[PDB]
Amino acid sequence: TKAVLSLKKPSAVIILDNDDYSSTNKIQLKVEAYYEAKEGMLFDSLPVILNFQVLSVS
Amino acid sequence: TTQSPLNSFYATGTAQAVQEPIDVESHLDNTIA
Ligand SMILES: [Ca+2]
Ligand SMILES: [Ca+2]
């Protein structure tokens, strides 16, 4: 597990190295969610968006 | 985006009372003579 994101601390920095790059060409990362919904609120078709930015490569 | 009050639930019964507690019938069939 590399990072935990939340509504109060939305940003995190992770590192991928030689051990992560299996098959020498790709990284696989699944997402795990924990939540509690507001009381008496009904809705549908609400998107959740994540963004990626590269800081350094070598 | 709808906010619900969460109080739209009900259950109903009934009651009645359509008669008096007692009924009285007389059989005084003798004469003081
Ligand atoms: Ca560089
Ligand atoms: Ca009666």
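Chain A is the first sequence line, chain B the second, and so forth, proteins listed ahead of strands; every chain is numbered from 1. When a ligand or atom number is given, it counts from 1 through the structure's own listing order.
Residue-and-atom listing of protein N/O/S atoms under 3.0 Å from the Ca ion (ligand 1), sorted by chain and number: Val57(A) O.
Applying the 6.0 Å contact sphere to CD of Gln19(B) captures no more than 12 heavy atoms from other residues, nucleotides or ligands. No more than 12 heavy atoms of other residues, nucleotides or ligands lie within 6.0 Å of CG in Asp23(B), so this atom counts as exposed by the packing criterion.
Of all the heavy atoms in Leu5(A) and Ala12(A), the pair that sits closest is CD2-CB, 3.7 Å.
For the atom pair CD1 of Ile15(A) and CG of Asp20(A), the computed distance is 10.0 Å after rounding to the nearest 0.5 Å. Atom-to-atom distance recorded for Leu46(A):CG and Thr1(B):OG1 is 8.0 Å, nearest 0.5 angstrom. Going from atom CD1 of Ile14(A) over to atom CG of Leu29(A) covers 6.0 Å, rounded to the nearest 0.5 Å.
With waters left out, the protein N, O or S atoms under 3.0 Å from the Ca ion (ligand 2) add up to 1.
Contact of the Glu32(A) side chain with the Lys30(A) side chain is not registered, since no non-hydrogen atoms from C-beta on lie closer than 4.5 Å. No side-chain heavy atom of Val13(A) sits less than 4.5 Å from a side-chain heavy atom of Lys2(A).
Within the 3.5 Å criterion, the main-chain N or O of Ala33(B) finds no donor-acceptor partner in the side chain of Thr31(B).
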